[PDB]
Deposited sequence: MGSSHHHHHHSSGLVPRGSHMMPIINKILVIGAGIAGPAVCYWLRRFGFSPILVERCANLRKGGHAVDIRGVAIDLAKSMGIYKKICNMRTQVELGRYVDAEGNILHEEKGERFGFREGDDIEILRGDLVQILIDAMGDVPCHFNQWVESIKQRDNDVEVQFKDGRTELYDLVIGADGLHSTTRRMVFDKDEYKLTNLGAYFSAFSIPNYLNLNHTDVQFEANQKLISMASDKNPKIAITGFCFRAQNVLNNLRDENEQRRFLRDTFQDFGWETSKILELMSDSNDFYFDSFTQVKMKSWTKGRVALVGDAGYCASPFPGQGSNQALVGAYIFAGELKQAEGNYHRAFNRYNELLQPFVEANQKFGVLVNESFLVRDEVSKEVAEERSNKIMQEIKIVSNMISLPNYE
């Protein structure tokens, strides 16, 4: 039936650039748009596991990813005065490095920045997208790759067609000058169900920080970056160790990110000519560390099923939904299990090791169909 070619992909994270790669490789014409003025490369290291590694090999990015893998030599745990409590010592790679690798591998896929989708209107034979500058454009399909808080999901699906479950924890990531001269070293301070960390590895001039904490009934409006910064500053006031200096340097950080630990549950990730890929449809929260693997696997399956459906997008979408659902369900379950213990050392480590082993295993329990 009618050929599908022109496809809008909204968001340039992991899922968006990955699905553009596979759509273009399989003979479609994806167009990538991003709301931010440039690529957002902030964020902590991610773990590429299992069949996603085979995808990286097929994508010709495996060697690049191995070359960019994290080299941290020393984990260090300290108390509020900086006394050392303890020291320690699939691919782990900084999120931004993976984003750039995927963008680079994309080839000739137009990538547009500072783009604001206002509305998405499904018509008989296409989807009409209006942008906040008044422009209207037509696409055969539209893909939300826009993350946990997906604008696309909100425009396309009714509120009773998705459920966000906030698990009661929040995290932040941002970069600062490496003022403690950490050398391939990660330092972490934990107290009172809060956590702060700082690590310098890839770049000796820069340290990436992270914050983790639990909160309930948040009064603040956390959709705004300034309110996020404010809530973080207020939560960690008087926390100890290096928190004060880190929060001071945060004012000049250009890669700030803040979010909740939240799972997205939907009976379907697709509606008509619209599909969600990655956190937009299936976020499992950071707890199991599967966000990137889900994005990479979902991208491949989405594009493959579309290729084989030869115009029948509803059939492709149904198979996409069905084939990825078991992996997502497993990941979300493991996320909830991790939640139950997050914020004796031996018991805790033993329980954590079992879950991580099981996460590693299910990452290898996906069949990747042959689309070529």
query	finding
Unmodelled intervals of the deposited chain, in order	1-21, 111-120, 375-379
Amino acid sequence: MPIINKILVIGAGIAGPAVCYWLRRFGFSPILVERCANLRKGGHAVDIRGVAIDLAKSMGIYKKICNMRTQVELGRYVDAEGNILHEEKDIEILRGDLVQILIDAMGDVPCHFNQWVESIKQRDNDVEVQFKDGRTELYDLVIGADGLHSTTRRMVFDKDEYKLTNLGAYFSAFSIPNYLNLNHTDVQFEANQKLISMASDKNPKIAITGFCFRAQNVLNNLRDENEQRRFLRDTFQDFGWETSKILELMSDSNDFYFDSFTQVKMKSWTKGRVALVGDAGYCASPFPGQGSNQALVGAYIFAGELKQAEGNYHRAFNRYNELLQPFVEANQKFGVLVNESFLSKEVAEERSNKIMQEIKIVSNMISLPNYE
From here on, numbers count along this sequence of modelled residues.
| query | finding |
| --- | --- |
| 191-199 or 205-213, whichever carries the higher mean Cα B-factor | 191-199 |
| 60-68 set against 39-47, stretch whose average Cα temperature factor tops the other in the entry | 60-68 |
| Selection by C-alpha B-factor (highest) of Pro286, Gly144, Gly298, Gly168 | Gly168 |
| Criterion, highest CA B-factor; candidates, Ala303, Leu323, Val347, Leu55 | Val347 |
| B-factor third for the C-alpha atom of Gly96 within its chain | lowest |
| Third assignment of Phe342 from its chain's C-alpha B-factors | highest |
| Third of the chain, ranked by Cα B-factor, where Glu329 sits | middle |
| Chain-wide C-alpha B factor ranking for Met356, given as lowest, middle or highest third | highest |
| Entry-reported Cα temperature factor of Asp255, expressed as the chain third it lands in | lowest |
